[PDB]
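J.: Residue numbers (PDB author numbering), protein chains in the order written: chain F, 1 to 67; chain D, 1 to 55, 59 to 325, 335 to 466; chain E, 65 to 96; chain A, 125 to 174; chain G, 2 to 28, 38 to 66.
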Amino acid sequence: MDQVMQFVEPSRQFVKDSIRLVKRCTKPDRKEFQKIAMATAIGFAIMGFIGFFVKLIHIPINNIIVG
Amino acid sequence: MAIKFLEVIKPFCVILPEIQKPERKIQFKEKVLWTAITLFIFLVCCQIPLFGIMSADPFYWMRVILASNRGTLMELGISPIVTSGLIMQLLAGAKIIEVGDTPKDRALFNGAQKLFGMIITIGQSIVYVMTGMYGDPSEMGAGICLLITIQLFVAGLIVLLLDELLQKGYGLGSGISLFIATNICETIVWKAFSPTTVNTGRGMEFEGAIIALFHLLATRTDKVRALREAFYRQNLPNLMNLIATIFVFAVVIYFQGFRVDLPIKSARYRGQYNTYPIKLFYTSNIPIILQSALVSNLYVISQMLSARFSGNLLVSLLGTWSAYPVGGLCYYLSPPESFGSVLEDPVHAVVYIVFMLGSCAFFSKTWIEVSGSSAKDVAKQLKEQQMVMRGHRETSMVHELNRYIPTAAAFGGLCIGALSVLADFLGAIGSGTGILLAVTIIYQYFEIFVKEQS
Amino acid sequence: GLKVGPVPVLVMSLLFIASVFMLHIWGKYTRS
Amino acid sequence: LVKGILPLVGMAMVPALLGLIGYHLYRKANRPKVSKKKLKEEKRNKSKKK
Amino acid sequence: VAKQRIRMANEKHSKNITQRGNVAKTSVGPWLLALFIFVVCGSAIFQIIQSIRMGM
Numbered sequence: 001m002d003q004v005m006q007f008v009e010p011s012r013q014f015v016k017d018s019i020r021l022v023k024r025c026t027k028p029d030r031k032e033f034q035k036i037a038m039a040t041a042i043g044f045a046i047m048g049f050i051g052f053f054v055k056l057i058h059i060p061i062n063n064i065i066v067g
Numbered sequence: 001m002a003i004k005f006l007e008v009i010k011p012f013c014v015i016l017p018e019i020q021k022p023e024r025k026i027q028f029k030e031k032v033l034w035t036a037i038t039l040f041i042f043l044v045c046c047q048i049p050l051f052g053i054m055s059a060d061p062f063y064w065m066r067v068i069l070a071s072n073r074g075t076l077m078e079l080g081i082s083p084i085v086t087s088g089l090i091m092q093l094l095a096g097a098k099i100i101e102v103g104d105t106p107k108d109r110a111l112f113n114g115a116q117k118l119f120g121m122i123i124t125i126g127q128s129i130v131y132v133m134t135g136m137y138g139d140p141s142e143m144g145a146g147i148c149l150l151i152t153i154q155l156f157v158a159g160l161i162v163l164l165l166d167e168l169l170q171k172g173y174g175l176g177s178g179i180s181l182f183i184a185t186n187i188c189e190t191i192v193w194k195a196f197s198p199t200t201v202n203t204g205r206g207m208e209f210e211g212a213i214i215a216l217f218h219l220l221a222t223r224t225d226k227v228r229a230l231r232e233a234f235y236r237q238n239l240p241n242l243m244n245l246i247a248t249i250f251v252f253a254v255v256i257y258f259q260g261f262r263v264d265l266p267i268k269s270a271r272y273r274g275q276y277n278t279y280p281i282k283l284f285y286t287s288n289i290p291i292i293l294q295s296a297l298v299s300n301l302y303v304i305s306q307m308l309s310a311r312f313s314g315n316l317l318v319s320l321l322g323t324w325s335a336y337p338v339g340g341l342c343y344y345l346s347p348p349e350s351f352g353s354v355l356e357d358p359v360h361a362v363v364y365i366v367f368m369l370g371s372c373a374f375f376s377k378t379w380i381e382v383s384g385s386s387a388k389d390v391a392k393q394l395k396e397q398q399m400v401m402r403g404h405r406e407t408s409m410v411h412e413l414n415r416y417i418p419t420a421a422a423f424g425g426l427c428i429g430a431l432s433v434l435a436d437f438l439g440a441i442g443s444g445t446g447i448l449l450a451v452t453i454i455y456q457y458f459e460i461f462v463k464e465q466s
Numbered sequence: 065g066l067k068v069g070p071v072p073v074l075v076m077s078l079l080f081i082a083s084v085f086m087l088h089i090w091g092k093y094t095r096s
Numbered sequence: 125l126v127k128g129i130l131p132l133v134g135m136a137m138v139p140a141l142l143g144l145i146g147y148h149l150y151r152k153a154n155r156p157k158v159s160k161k162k163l164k165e166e167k168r169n170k171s172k173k174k
Numbered sequence: 002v003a004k005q006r007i008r009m010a011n012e013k014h015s016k017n018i019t020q021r022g023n024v025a026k027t028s038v039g040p041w042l043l044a045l046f047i048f049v050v051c052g053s054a055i056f057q058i059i060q061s062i063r064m065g066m
């Protein structure tokens, strides 16, 4: 149990370190955040549908290719 | 030692073909098109069934194809290639494998890892045929087994070339990263809108959550009863599962932006300002991959050990198998099945959550040294670039990075674990790790678009 | 190790996909 | 031979003919534009011959 | 440090005349390194074993 008490002192300090890192890092703004949200949404739908259709077409083909 | 191996393997390496360099930069309309053709050809190949599949109950493999991907030409898929890449990186971090800095040595190193992945594919295919999972090897016949192995081997080889072409610059990004993202997004759309109807014993129901809602509403006179079923139907994909997924995307986008940027300047030329960015998720998805791998590895050993020596007390103590470990340390490692179970046994839930966060954080920091992304490696890389920090001596720069790099890696491991645990409890479709890959790849492509608009 | 142009890679890929369909149809006809 | 092989010749000849036409079209498209600079050099030699 | 070592290294460098342009320029936790190795290797081997188990 001695090791656990020794660990506590490192436990607190790095928690302090995390707070400093949060302050320094850039934080995405709301207005730019909207722009990313549209860009990801459009790409997500466009790319996903391509998978959706190709899967649908294959199912009848599977029946013909193998009884 | 490894360099001595590299020359020995050098005749072997030469055989593997390499994609041509793009002669000139490609304009945007062309830039997009090359990727799209690659995407379709891979997508179609993934669903093609195999030949000589044999199968008691004929038409078994027929029913299998229409459900999951089991039995398709691309079954091996990307798993062989990635394993080759990760192992090679680990050896370099260990330093057991030595890679020459000179370009020719590095090119040989790339050739070697591609070859090593090829070896993995052959072994994996041979094991499946021997195991008779498709069918009895004797029944298949020597000719059929050889052909089936040939089909998989070419499937792996073609994938390597397609990925290389994207890296070469004909198509933006890397092929493998896009392919992994594609299926993940495809899964989300398929569950939402799939029209297939599967017959449960009580009644047949539509797979698609949105389709299910419309059908259920009309069929049932009592709207309230139908509405509750659609939102909270356990057996089939819920309406709530989608809403959880959308919420998870919003969080990933906001956090992904987080980064710290350090001013840098080119020594040779004045007035040139550039920033070197260190991302909050600096480690990326690697920590979760390692932690999950360890838990699965322990589970397989523990269950196997129980069968061979059921009597031994030690095997029971670590885990008791009913396969799900009901009790023991392995049981504690297992995620809680349901929210109600967590309330029933709070101590079990707390232990799993605390372990999950700790394991990811510790792995991330250790990974950096073997990865080769440590502050010491970063500083030397800048020197070859001839770009140095502004206002500080070269030696001082290493200390300056060390202030930020270690803290970021530890926090990143904790954050990635936190999302992964969060995803399951909400029940959003798809793994949290998959969600990060989709947003990251899409956003990188978006950045490329911005310059083009100019 | 020969350097290969991107378009040649595309045509080689398509031929492999075509071959698999041919083999399945040939399998049914040879059986029948 | 005719009853067993004829279906195979139909499946094999069509790709072969498409490849042959593609090769012809590729060869015609790959006709290299005579460098106008070498033509200018011929013009420069034409002034020396006059 | 013993002063006697000044002369000791001087004679060594004198030997270099014979070893021209070939003179020797000079003169990660163990537990962690083993730990990672089984994790990466184990995942590949165990995935193969698990696939056979699942079919069986």
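Note that CB positions come from ideal geometry on N, CA and C, so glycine has one too.
Are the C-beta of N300(D) and some C-beta of chain G separated by less than 8 Å?
T.: Judged by the 8 Å Cβ criterion, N300(D) is in contact with chain G.
J.: Can you grab the Cα-Cα spacing for the pair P61(D) / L132(A), in whole Å?
T.: Each residue's Cα considered, the two are about 28 Å apart.
J.: Is it buried or exposed for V73(E), if we count other Cβ within 10 angstroms and need 16 for buried?
T.: Per the 10 Å Cβ criterion, buried.
J.: Nearest-angstrom Cα distance between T200(D) and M5(F)?
T.: Their Cα atoms are separated by approximately 59 Å.
J.: Return helix, strand or coil for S18(F), following the three-state DSSP convention.
T.: Three-state result, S18(F): helix.
J.: So with CB distances below 8 Å, who are the chain G contacts of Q116(D)?
T.: The contacting residues do not exist; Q116(D) stays about 14 Å from chain G at best.
J.: Can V254(D) and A440(D) be called in contact, C-beta distance under 8 Å?
T.: No, the pair does not count as a contact, with Cβ atoms beyond the cut-off.
J.: Shorter than 8 Å from the beta carbon of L74(E) to some beta carbon of chain D?
T.: By this cut-off, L74(E) is an interface position.
J.: Candidates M409(D), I256(D) and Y276(D): which alpha carbon is nearest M38(F)'s?
T.: That would be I256(D), whose Cα lies nearest to the Cα of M38(F).
J.: Below 8 Å between beta carbons: does that hold for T40(F) and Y455(D)?
T.: A contact, by the Cβ cut-off of 8 Å.
J.: Checking contacts by CB at 8 Å: is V22(F) closer than that to chain E?
T.: It does not; no Cβ of chain E falls within 8 Å.
J.: If you follow the alpha helix (DSSP H) that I125(D) is in, where does it begin and where does it stop?
T.: First-last of the alpha helix (DSSP H) with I125(D): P106 to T134.
J.: Apply the 10 Å Cβ neighbour rule to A420(D) and answer buried if 16 or more other Cβ atoms are within range, or exposed otherwise.
T.: Buried, since its Cβ has 16 or more Cβ neighbours within 10 Å.
J.: Along chain D, in chain order, which residues have C-beta atoms closer than 8 Å to that of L79(E)?
T.: Simply none; closest approach about 11 Å.
J.: Which residues share a DSSP beta bridge with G22(G)?
T.: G22(G) pairs with nothing; no bridge assigned.
J.: DSSP three-state label for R262(D), please.
T.: Strand.
J.: Put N244(D) into one of helix, strand or coil per three-state DSSP.
T.: Correct three-state label for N244(D): helix.
J.: Leaving out five residues before and five after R6(G) in sequence, what residues of the same chain have Cβ atoms less than 6 Å from its Cβ?
T.: The answer is none, since no qualifying residue turns up.
J.: Do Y364(D) and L341(D) come within 8 Å of each other at the CB atom, strictly closer than that value?
T.: No, they are not a contact pair.
J.: Just confirm the distance between the C-beta atoms of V84(E) and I151(D), as a whole number of angstroms; I'd bet it's less than 8 Å.
T.: Between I151(D) and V84(E) the Cβ distance is about 12 Å, and since that is not below 8 Å, they are no contact.
J.: Measuring only the C-alpha atoms, how far is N62(F) from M86(E)?
T.: Straight-line Cα distance between these residues: approximately 14 Å.
J.: Start and end of the beta strand (DSSP E) containing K29(D)?
T.: Counting along the chain, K29(D) falls outside any beta strand (DSSP E), though it belongs to the alpha helix (DSSP H) covering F28 to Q47.
J.: Label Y147(A) either buried or exposed according to how many other C-beta atoms from any shown protein chain fall within 10 Å of its C-beta, with 16 as the threshold for buried.
T.: Exposed: under 16 other Cβ atoms inside 10 Å.
J.: Which first and last residues belong to the alpha helix (DSSP H) in which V227(D) is found?
T.: That run of the alpha helix (DSSP H) goes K226 to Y235.
J.: Buried or exposed for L431(D), please, with buried defined as at least 16 other CB atoms from any protein chain shown within 10 angstroms of its CB.
T.: Per the 10 Å Cβ criterion, buried.
J.: For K67(E), write down the residues that DSSP places opposite it in a beta bridge.
T.: Answer is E18(D).
J.: Out of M65(D), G174(D) and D357(D), which one is the CA nearest neighbour of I26(D)?
T.: When each option's Cα is compared against that of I26(D), the closest is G174(D).
J.: Does the segment 386 to 399 of chain D touch the segment 356 to 370 of chain D, meaning 3 or more C-beta pairs lie closer than 8 Å?
T.: Flag = no, the segment 356 to 370 of chain D and the segment 386 to 399 of chain D do not touch.
J.: Could you check whether the segment 399 to 415 of chain D touches the segment 263 to 271 of chain D, counting it as contact only if at least three pairs of C-beta atoms, one from each stretch, sit closer than 8 Å?
T.: Taking 8 Å as the limit for Cβ pairs, the verdict is that the segment 263 to 271 of chain D does touch the segment 399 to 415 of chain D.
J.: Name the two residues that bound the continuous beta strand (DSSP E) containing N277(D).
T.: Segment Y276 to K282, the beta strand (DSSP E) holding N277(D).
J.: When burial is assigned at 16 or more other CB atoms within 10 Å of the CB, is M77(D) buried or exposed?
T.: Under this definition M77(D) is a buried residue.
J.: From the beta carbon of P290(D), is the nearest beta carbon of chain F less than 8 Å away?
T.: With 8 Å as the cut-off, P290(D) does not count as an interface residue toward chain F.
J.: Could you tell me if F12(D) is buried or exposed, where buried requires 16 or more neighbouring beta carbons within 10 angstroms of its beta carbon?
T.: Classification of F12(D): exposed, given that the 10 Å Cβ count is below 16.
J.: What residues are listed by DSSP as bridge partners for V400(D)?
T.: According to DSSP, which records beta bridges pairwise, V400(D) is partnered with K268(D).
J.: Output the boundary residues of the beta strand (DSSP E) element that contains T200(D).
T.: It spans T200 to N202 - the beta strand (DSSP E) in which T200(D) sits, taken as one unbroken run.
J.: Looking at the unbroken beta strand (DSSP E) that takes in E208(D), where does it start and where does it end?
T.: Note, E208(D): beta strand (DSSP E), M207 to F209.
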